[PDB]
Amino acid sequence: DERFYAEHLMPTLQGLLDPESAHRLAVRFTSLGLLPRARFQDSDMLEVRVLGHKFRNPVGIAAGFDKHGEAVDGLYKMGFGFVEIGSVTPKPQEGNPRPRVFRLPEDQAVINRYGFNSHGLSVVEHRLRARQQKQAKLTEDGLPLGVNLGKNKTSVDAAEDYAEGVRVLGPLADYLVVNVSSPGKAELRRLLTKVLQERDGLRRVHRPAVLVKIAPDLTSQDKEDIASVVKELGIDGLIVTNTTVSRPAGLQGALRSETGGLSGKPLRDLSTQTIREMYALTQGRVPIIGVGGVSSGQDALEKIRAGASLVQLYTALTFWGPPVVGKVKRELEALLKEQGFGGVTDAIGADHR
């Protein structure tokens, strides 16, 4: 229940546990199915067909919650229309020293500097294999799986790390994600060409879509360059956005000046505006998964109207708990009807017209 979690459980956990420990508890409870199944039965208005797949609803769990593929089934039970795991790196790596995750409760925000802690591709591969046919059925039933691919800290050849990820986890995924960072266009083209070649080499029923995930912190020129390369190469979609290294004016949390990526409410509109720009630069031809500061149906609809076909959230779950998933869905449905839309699909990019 919505007020309970929001007003009692999540504030209690906030006071008892550091954020990373609270996250690990969440992963364990979700994976053990200890959480009651979601009440909200998805309506037809929420169904989206994009990336070669049906999505029963457009609200996904963003990368970073289930870094290692431990909680996929429990995430679907929570009501998410799709799950993205990762980021997964080729070799296991520990990530940064702890503490490396900080709450900014006053801002409805988090700052993290995990540093791509990962069990690595082989461990994750075996985890996914344990439920590969279960996932095939879930995907057919409108509940797809994405895999976000990272690179190891010490790697000398980033494109090869990504290529390894494609080869190892691509066969287990409906879509793959590669994160790109600003500080060039020829290097992005080269990387993505390699990734796409590896994807194209997989057998058809094991051949995923490939998306690029971007930061909110790109220059205008960087965005132009990404739009150009993604259209040229036929990248299947964009994930817009990762966390920000900016610190918007007005942050109140004591921990605002910690190094890392900022998520949650302070990111929201910077993300929506990035979606809007990318959608325009790509002429609406490139599906966008919109991410950053979604806590309500309004938040989701703003991203859809700006050009997102699907949305994800993470940070809101850490503040409001599982009920937030059904809240966003229910509010989105209500807003679509109020604004005269037949369904999600009809609202995609509606601001641009």
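Numbers follow the displayed sequence, beginning with 1. In this text, the rigid core denotes the largest set of C-alpha atoms whose superposition between the two forms falls within 1.5 Å.
Farther on average from this form in 9 other deposited structures of this protein lies stretch 172-180, the comparison being between 222-230 and 172-180 by RMS Cα distance after core superposition. Between stretches 236-244 and 185-193, the one whose Cα atoms sit farther from the displayed model in 9 other deposited structures of this protein on average is 185-193 (core-aligned, root mean square).
According to the record, no deposited residue between residue 201 and residue 202 is left without atomic coordinates.
Taking the PDB entry as given, 90-98 carries the higher mean Cα B factor of the two stretches 90-98 and 167-175.
In this crystal structure, the stretch out of 44-52 and 303-311 whose C-alpha atoms carry the higher mean B factor is 44-52. Among 127, 185, 276, 207, the highest C-alpha B-factor in the deposited entry belongs to 185. Taking the deposited Cα B-factors for 83, 180, 111, 196, the highest one is held by 180. Annotation for residue 140: C-alpha temperature factor in the highest third relative to the rest of the modelled chain, per the entry.
In the PDB entry, residue 63 places in the lowest third of its chain by CA B-factor. The PDB entry assigns residue 318 a C-alpha temperature factor belonging to the highest third of its chain's modelled residues. Per-chain ranking of the deposited C-alpha B factor places residue 151 in the middle third.
Residue 223 sits in the middle third of its chain by CA B factor, as recorded in the PDB entry.
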